[PDB]
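Everything below belongs to upload00.txt, which stores compact mmCIF, C-alpha atoms.
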```txt
# COMPACT_ATOMS: atom_id res chain seq x y z
CA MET A 1 8.78 1.40 -12.28
CA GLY A 2 8.40 5.16 -12.11
CA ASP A 3 5.55 4.82 -9.64
CA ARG A 4 8.26 4.26 -7.06
CA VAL A 5 7.14 5.94 -3.84
CA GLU A 6 8.32 5.34 -0.36
CA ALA A 7 6.66 5.97 3.00
CA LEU A 8 7.34 3.98 6.12
CA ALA A 9 4.32 2.69 7.97
CA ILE A 10 3.33 0.26 10.68
CA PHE A 11 2.16 -3.06 9.31
CA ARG A 12 0.92 -5.27 12.15
CA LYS A 13 3.01 -3.40 14.74
CA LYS A 14 5.96 -3.36 12.34
CA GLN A 15 7.30 0.01 11.29
CA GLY A 16 8.94 -0.35 7.95
CA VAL A 17 9.19 1.28 4.57
CA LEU A 18 6.17 1.14 2.27
CA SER A 19 7.32 1.15 -1.36
CA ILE A 20 5.35 1.16 -4.65
CA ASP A 21 6.68 -0.40 -7.88
CA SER A 22 3.79 -1.99 -9.91
CA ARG A 23 3.49 -4.12 -6.87
CA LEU A 24 2.61 -2.69 -3.49
CA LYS A 25 5.57 -3.72 -1.36
CA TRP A 26 5.90 -2.89 2.33
CA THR A 27 8.88 -3.99 4.36
CA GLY A 28 9.39 -4.37 8.10
CA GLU A 29 12.05 -2.67 10.21
CA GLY A 30 15.59 -3.87 9.57
CA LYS A 31 14.51 -6.32 6.89
CA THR A 32 15.67 -6.83 3.33
CA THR A 33 12.65 -8.95 2.45
CA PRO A 34 9.25 -7.27 1.87
CA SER A 35 6.55 -8.18 4.37
CA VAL A 36 3.72 -6.95 2.15
CA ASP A 37 4.32 -7.88 -1.46
CA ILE A 38 1.01 -7.67 -3.27
CA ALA A 39 0.72 -6.73 -6.93
CA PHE A 40 -1.94 -4.35 -8.27
CA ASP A 41 -3.76 -7.37 -9.67
CA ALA A 42 -4.15 -8.39 -6.06
CA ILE A 43 -5.33 -4.95 -5.01
CA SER A 44 -9.02 -4.55 -5.41
CA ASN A 45 -9.23 -1.22 -3.56
CA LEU A 46 -7.81 0.60 -0.54
CA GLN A 47 -8.79 3.05 2.20
CA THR A 48 -6.51 5.78 3.50
CA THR A 49 -6.79 8.20 6.41
CA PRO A 50 -8.85 11.37 5.66
CA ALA A 51 -5.68 13.53 6.06
CA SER A 52 -7.14 15.37 9.07
CA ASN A 53 -6.28 12.53 11.43
CA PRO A 54 -3.31 12.15 13.84
CA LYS A 55 -3.44 8.42 13.21
CA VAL A 56 -2.53 8.60 9.51
CA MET A 57 -2.77 5.23 7.79
CA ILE A 58 -3.17 3.27 4.53
CA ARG A 59 -5.43 0.20 4.27
CA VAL A 60 -5.32 -2.12 1.28
CA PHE A 61 -7.96 -4.59 0.15
CA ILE A 62 -6.31 -7.55 -1.52
CA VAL A 63 -7.88 -9.51 -4.36
CA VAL A 64 -6.92 -13.13 -4.47
CA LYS A 65 -3.63 -13.55 -6.13
CA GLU A 66 -3.59 -17.26 -7.02
CA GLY A 67 -2.05 -18.96 -4.01
CA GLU A 68 -3.89 -17.36 -1.07
CA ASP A 69 -7.21 -15.72 -0.14
CA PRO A 70 -8.69 -12.16 -0.22
CA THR A 71 -7.25 -10.14 2.68
CA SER A 72 -6.88 -6.57 3.93
CA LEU A 73 -3.63 -5.05 5.17
CA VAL A 74 -3.04 -1.88 7.16
CA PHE A 75 -0.01 0.37 7.12
CA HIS A 76 -0.12 2.92 9.92
CA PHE A 77 1.85 6.04 9.02
CA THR A 78 0.90 7.26 12.48
CA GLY A 79 4.43 6.52 13.65
CA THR A 80 5.92 8.27 10.66
CA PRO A 81 7.15 11.91 10.77
CA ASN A 82 5.75 12.52 7.29
CA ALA A 83 2.71 10.23 7.55
CA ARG A 84 0.13 12.28 5.62
CA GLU A 85 2.38 13.69 2.91
CA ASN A 86 3.95 10.33 2.18
CA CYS A 87 0.56 8.66 2.63
CA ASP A 88 -0.88 10.86 -0.12
CA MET A 89 2.18 10.30 -2.30
CA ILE A 90 1.79 6.54 -1.78
CA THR A 91 -2.01 6.46 -2.16
CA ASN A 92 -2.10 8.70 -5.23
CA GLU A 93 0.55 6.77 -7.18
CA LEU A 94 -0.60 3.47 -5.68
CA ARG A 95 -4.28 3.90 -6.58
CA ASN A 96 -3.33 5.39 -9.96
CA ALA A 97 -0.96 2.57 -10.85
CA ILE A 98 -3.32 -0.07 -9.41
CA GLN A 99 -6.11 1.13 -11.70
CA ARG A 100 -3.55 1.62 -14.48
CA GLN A 101 -2.98 -2.13 -14.58
CA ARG A 102 -6.73 -2.76 -14.49
CA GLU A 103 -7.03 -0.72 -17.70
CA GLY A 104 -5.22 -3.48 -19.56
CA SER A 105 -6.64 -6.34 -17.52
CA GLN A 106 -10.37 -5.59 -17.51
CA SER A 107 -12.80 -3.70 -19.73
CA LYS A 108 -13.99 -0.43 -18.18
```
So that I can check it, write out the structure of this file as structure tokens.
Amino acid sequence: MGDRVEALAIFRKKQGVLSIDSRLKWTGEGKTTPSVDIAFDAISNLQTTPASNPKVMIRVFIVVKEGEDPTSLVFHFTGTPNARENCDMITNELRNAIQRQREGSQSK
């Protein structure tokens, strides 16, 4: 909500739109259902490409959202025309909103 940012990326050889609305939601190509729906409470941290890299990507480290186990997902913006710019847009709002939830969930 407001943190809504879009950037398509390749998730497990799937090139779809990566969206951010309180919950990090990535969706595959030609799909109405999100393939990566993980809330910020299930995002412990993430690693993104250092900008100066042809293979622009976004990696997310998932905390265990009751129901599964801790995992790490990768969204390759490498196959995206605006990989880095959207990657930054995603990462910045993503990381900001992810921590934003932590502010009211944990003491720090």
* Asked: Counting all atoms listed in the file, which of A:54, A:104, A:34, A:67 gets nearest to residue 16 of chain A?
  ->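 So, comparing all the options, the nearest one is A:34.
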* Asked: Any idea what's packed within 7 Å of residue 45 of chain A, counting only C-alpha atoms, ignoring anything in its chain fewer than 2 positions away? Could you give it as a PyMOL selection string?
  -> chain A and resi 43+60-61
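From atom CA of residue 62 of chain A back to atom CA of residue 44 of chain A, the distance works out to 5.6 Å.
Shortest atom-to-atom contact with residue 76 of chain A among A:1, A:90, A:58, A:64: A:58, counting only C-alpha atoms.
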* **residue 89 of chain A surroundings by only C-alpha atoms, 10 Å radius, close-in-sequence under 2 positions cut, as a PyMOL selection string** => chain A and resi 3-7+20+83-87+91-94
* Using only C-alpha atoms, pick whichever of A:36, A:106, A:17, A:88 has the shortest atom-to-atom distance to residue 52 of chain A. =>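 Looking only at the distances to residue 52 of chain A, the closest residue turns out to be A:88.
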Can you complete the atoms of segment 45-71 of chain A to N, CA, C and O atoms and list them as a PDB file, in the coordinates of the input?
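To be explicit, this is the file written out as out_18.pdb:
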```
ATOM      1  N   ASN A  45      -8.934  -2.582  -4.007  1.00  0.00           N
ATOM      2  CA  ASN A  45      -9.230  -1.220  -3.560  1.00  0.00           C
ATOM      3  C   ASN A  45      -8.468  -0.958  -2.272  1.00  0.00           C
ATOM      4  O   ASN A  45      -7.822  -1.862  -1.748  1.00  0.00           O
ATOM      5  N   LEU A  46      -8.506   0.266  -1.775  1.00  0.00           N
ATOM      6  CA  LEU A  46      -7.810   0.600  -0.540  1.00  0.00           C
ATOM      7  C   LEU A  46      -8.462   1.802   0.131  1.00  0.00           C
ATOM      8  O   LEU A  46      -9.147   2.595  -0.523  1.00  0.00           O
ATOM      9  N   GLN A  47      -8.250   1.933   1.438  1.00  0.00           N
ATOM     10  CA  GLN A  47      -8.790   3.050   2.200  1.00  0.00           C
ATOM     11  C   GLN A  47      -7.671   3.722   2.983  1.00  0.00           C
ATOM     12  O   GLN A  47      -6.912   3.069   3.686  1.00  0.00           O
ATOM     13  N   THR A  48      -7.555   5.021   2.834  1.00  0.00           N
ATOM     14  CA  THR A  48      -6.510   5.780   3.500  1.00  0.00           C
ATOM     15  C   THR A  48      -7.111   6.781   4.478  1.00  0.00           C
ATOM     16  O   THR A  48      -8.294   7.116   4.375  1.00  0.00           O
ATOM     17  N   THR A  49      -6.317   7.223   5.447  1.00  0.00           N
ATOM     18  CA  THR A  49      -6.790   8.200   6.410  1.00  0.00           C
ATOM     19  C   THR A  49      -7.276   9.472   5.706  1.00  0.00           C
ATOM     20  O   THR A  49      -6.727   9.856   4.672  1.00  0.00           O
ATOM     21  N   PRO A  50      -8.291  10.154   6.260  1.00  0.00           N
ATOM     22  CA  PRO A  50      -8.850  11.370   5.660  1.00  0.00           C
ATOM     23  C   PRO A  50      -7.985  12.624   5.859  1.00  0.00           C
ATOM     24  O   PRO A  50      -8.519  13.729   5.975  1.00  0.00           O
ATOM     25  N   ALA A  51      -6.658  12.437   5.881  1.00  0.00           N
ATOM     26  CA  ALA A  51      -5.680  13.530   6.060  1.00  0.00           C
ATOM     27  C   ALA A  51      -5.768  14.156   7.453  1.00  0.00           C
ATOM     28  O   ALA A  51      -4.798  14.115   8.214  1.00  0.00           O
ATOM     29  N   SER A  52      -6.917  14.732   7.780  1.00  0.00           N
ATOM     30  CA  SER A  52      -7.140  15.370   9.070  1.00  0.00           C
ATOM     31  C   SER A  52      -7.317  14.314  10.167  1.00  0.00           C
ATOM     32  O   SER A  52      -8.393  14.169  10.750  1.00  0.00           O
ATOM     33  N   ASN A  53      -6.258  13.570  10.424  1.00  0.00           N
ATOM     34  CA  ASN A  53      -6.280  12.530  11.430  1.00  0.00           C
ATOM     35  C   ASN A  53      -4.864  12.270  11.929  1.00  0.00           C
ATOM     36  O   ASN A  53      -3.976  11.980  11.133  1.00  0.00           O
ATOM     37  N   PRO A  54      -4.630  12.393  13.246  1.00  0.00           N
ATOM     38  CA  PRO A  54      -3.310  12.150  13.840  1.00  0.00           C
ATOM     39  C   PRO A  54      -2.811  10.747  13.523  1.00  0.00           C
ATOM     40  O   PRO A  54      -1.626  10.523  13.279  1.00  0.00           O
ATOM     41  N   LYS A  55      -3.744   9.806  13.512  1.00  0.00           N
ATOM     42  CA  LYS A  55      -3.440   8.420  13.210  1.00  0.00           C
ATOM     43  C   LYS A  55      -3.537   8.174  11.713  1.00  0.00           C
ATOM     44  O   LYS A  55      -4.460   7.509  11.244  1.00  0.00           O
ATOM     45  N   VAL A  56      -2.580   8.728  10.974  1.00  0.00           N
ATOM     46  CA  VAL A  56      -2.530   8.600   9.510  1.00  0.00           C
ATOM     47  C   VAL A  56      -2.211   7.167   9.120  1.00  0.00           C
ATOM     48  O   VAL A  56      -1.301   6.562   9.673  1.00  0.00           O
ATOM     49  N   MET A  57      -2.994   6.600   8.214  1.00  0.00           N
ATOM     50  CA  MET A  57      -2.770   5.230   7.790  1.00  0.00           C
ATOM     51  C   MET A  57      -3.150   4.971   6.327  1.00  0.00           C
ATOM     52  O   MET A  57      -3.733   5.824   5.655  1.00  0.00           O
ATOM     53  N   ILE A  58      -2.841   3.754   5.875  1.00  0.00           N
ATOM     54  CA  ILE A  58      -3.170   3.270   4.530  1.00  0.00           C
ATOM     55  C   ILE A  58      -3.636   1.811   4.643  1.00  0.00           C
ATOM     56  O   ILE A  58      -2.902   0.953   5.130  1.00  0.00           O
ATOM     57  N   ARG A  59      -4.869   1.546   4.233  1.00  0.00           N
ATOM     58  CA  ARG A  59      -5.430   0.200   4.270  1.00  0.00           C
ATOM     59  C   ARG A  59      -5.582  -0.319   2.859  1.00  0.00           C
ATOM     60  O   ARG A  59      -6.059   0.404   1.999  1.00  0.00           O
ATOM     61  N   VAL A  60      -5.213  -1.563   2.619  1.00  0.00           N
ATOM     62  CA  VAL A  60      -5.320  -2.120   1.280  1.00  0.00           C
ATOM     63  C   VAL A  60      -6.180  -3.380   1.271  1.00  0.00           C
ATOM     64  O   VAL A  60      -6.024  -4.262   2.115  1.00  0.00           O
ATOM     65  N   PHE A  61      -7.090  -3.443   0.311  1.00  0.00           N
ATOM     66  CA  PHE A  61      -7.960  -4.590   0.150  1.00  0.00           C
ATOM     67  C   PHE A  61      -7.398  -5.452  -0.972  1.00  0.00           C
ATOM     68  O   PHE A  61      -7.345  -5.043  -2.134  1.00  0.00           O
ATOM     69  N   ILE A  62      -6.966  -6.640  -0.602  1.00  0.00           N
ATOM     70  CA  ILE A  62      -6.310  -7.550  -1.520  1.00  0.00           C
ATOM     71  C   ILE A  62      -7.263  -8.518  -2.220  1.00  0.00           C
ATOM     72  O   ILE A  62      -8.088  -9.180  -1.586  1.00  0.00           O
ATOM     73  N   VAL A  63      -7.127  -8.576  -3.541  1.00  0.00           N
ATOM     74  CA  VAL A  63      -7.880  -9.510  -4.360  1.00  0.00           C
ATOM     75  C   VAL A  63      -7.101 -10.798  -4.278  1.00  0.00           C
ATOM     76  O   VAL A  63      -5.933 -10.770  -3.903  1.00  0.00           O
ATOM     77  N   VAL A  64      -7.672 -11.918  -4.625  1.00  0.00           N
ATOM     78  CA  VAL A  64      -6.920 -13.130  -4.470  1.00  0.00           C
ATOM     79  C   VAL A  64      -5.925 -13.356  -5.571  1.00  0.00           C
ATOM     80  O   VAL A  64      -6.288 -13.627  -6.717  1.00  0.00           O
ATOM     81  N   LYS A  65      -4.684 -13.214  -5.223  1.00  0.00           N
ATOM     82  CA  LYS A  65      -3.630 -13.550  -6.130  1.00  0.00           C
ATOM     83  C   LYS A  65      -3.468 -15.045  -5.973  1.00  0.00           C
ATOM     84  O   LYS A  65      -3.216 -15.505  -4.860  1.00  0.00           O
ATOM     85  N   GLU A  66      -3.668 -15.793  -7.055  1.00  0.00           N
ATOM     86  CA  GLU A  66      -3.590 -17.260  -7.020  1.00  0.00           C
ATOM     87  C   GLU A  66      -2.516 -17.754  -6.051  1.00  0.00           C
ATOM     88  O   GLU A  66      -1.320 -17.490  -6.230  1.00  0.00           O
ATOM     89  N   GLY A  67      -2.963 -18.440  -5.005  1.00  0.00           N
ATOM     90  CA  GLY A  67      -2.050 -18.960  -4.010  1.00  0.00           C
ATOM     91  C   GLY A  67      -2.508 -18.682  -2.581  1.00  0.00           C
ATOM     92  O   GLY A  67      -2.058 -19.350  -1.650  1.00  0.00           O
ATOM     93  N   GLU A  68      -3.402 -17.710  -2.402  1.00  0.00           N
ATOM     94  CA  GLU A  68      -3.890 -17.360  -1.070  1.00  0.00           C
ATOM     95  C   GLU A  68      -5.380 -17.044  -1.100  1.00  0.00           C
ATOM     96  O   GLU A  68      -6.123 -17.615  -1.895  1.00  0.00           O
ATOM     97  N   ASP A  69      -5.806 -16.137  -0.225  1.00  0.00           N
ATOM     98  CA  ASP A  69      -7.210 -15.720  -0.140  1.00  0.00           C
ATOM     99  C   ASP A  69      -7.301 -14.196  -0.059  1.00  0.00           C
ATOM    100  O   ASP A  69      -6.297 -13.527   0.194  1.00  0.00           O
ATOM    101  N   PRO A  70      -8.499 -13.614  -0.281  1.00  0.00           N
ATOM    102  CA  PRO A  70      -8.690 -12.160  -0.220  1.00  0.00           C
ATOM    103  C   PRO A  70      -8.439 -11.652   1.204  1.00  0.00           C
ATOM    104  O   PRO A  70      -9.037 -12.149   2.157  1.00  0.00           O
ATOM    105  N   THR A  71      -7.569 -10.666   1.357  1.00  0.00           N
ATOM    106  CA  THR A  71      -7.250 -10.140   2.680  1.00  0.00           C
ATOM    107  C   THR A  71      -7.148  -8.617   2.660  1.00  0.00           C
ATOM    108  O   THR A  71      -7.198  -8.005   1.604  1.00  0.00           O
TER     109      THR A  71
END
```
